[PDB]
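Take a look at this single chain, the form deposited in one PDB entry, given in structure tokens.
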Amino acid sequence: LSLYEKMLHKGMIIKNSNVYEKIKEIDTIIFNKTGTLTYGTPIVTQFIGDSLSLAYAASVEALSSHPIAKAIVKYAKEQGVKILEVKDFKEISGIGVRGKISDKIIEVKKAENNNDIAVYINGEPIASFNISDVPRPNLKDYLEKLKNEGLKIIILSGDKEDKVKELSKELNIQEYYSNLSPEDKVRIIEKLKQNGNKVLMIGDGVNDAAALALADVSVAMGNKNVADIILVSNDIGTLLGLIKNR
């Protein structure tokens, strides 16, 4: 069994080659929050309103396939209400969903104040949803690496200050940057390599694609062609093993 076979057995595909000697140098670790430190999967964390309002909103969201709509529908079914028939349905990307039941106009869209999701009935907002991501069952062995070489650990996210801080508390590392953009991330990575730091970065979806390509060693989850490594196993722990045995 080659080095490619032994690494694959341990959940890791090595597309690169010299990546092994590169890792020895690494002094800083950066996570892109969504999809790496979480499953990247919205659920409803709270609903404010009554059951009739909840059934209307689910009925209209049942005709969409956007992951926000699927989460609302699934929450409503857990609460025991059922799906009702909708006329004149229209979906409007970037905004949300609209439709007609028992002679009332129902819209579901971003709230006028927050990132909350709001339910409008004949033009008045009568209910709302708080929607969050799902955290991977933690490895406090982050601390086992905070110990090891006392490496520097950083977290980048695009989500709002409320949401990215709470996670930064859930596990204990005191250095995160929230409210970011794909090109803001690239800027911070530059600004550190431009300080001679050797960076390993872990990423997943759309945003991180670009800063991964910018990393000394880059790692992409199992769910592009830029990553030195692929965690087909989606087991962050397995990687933490690789790091603390480098």
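Throughout, we count residues from 1 along the sequence that is shown. What we label the rigid core is the largest C-alpha set whose atoms superpose within 1.5 Å from one form to the other.
The stretch of deposited sequence separating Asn223 from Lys224 contains 4 to 9 residues lacking coordinates in this entry. When 84-92 is weighed against 165-173, 165-173 comes out higher, by mean CA B-factor as recorded in the entry. When 207-215 is weighed against 50-58, 207-215 comes out higher, by mean CA B-factor as recorded in the entry. For the set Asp103, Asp133, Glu144, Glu107, the PDB entry assigns the largest Cα B-factor to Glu144. Residue-level temperature factors show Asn32 in the middle third of its chain, judged at the C-alpha atom. The deposited CA B-factor of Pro67 belongs to the lowest third of values across its chain. In the PDB entry, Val44 places in the lowest third of its chain by CA B-factor. The PDB entry assigns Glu78 a C-alpha temperature factor belonging to the lowest third of its chain's modelled residues. Ranked by Cα temperature factor within the chain, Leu139 sits in the highest third according to the deposited record.
This protein has a second form, the form deposited in another entry, left out of what is shown; the following refers to that one.
Annotation for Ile173: C-alpha shift under 2 angstroms between the shown form and the other one, rigid core superposed. Once the cores line up, the CA of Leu54 ends up 2 angstroms or more apart between the shown form and the other one.
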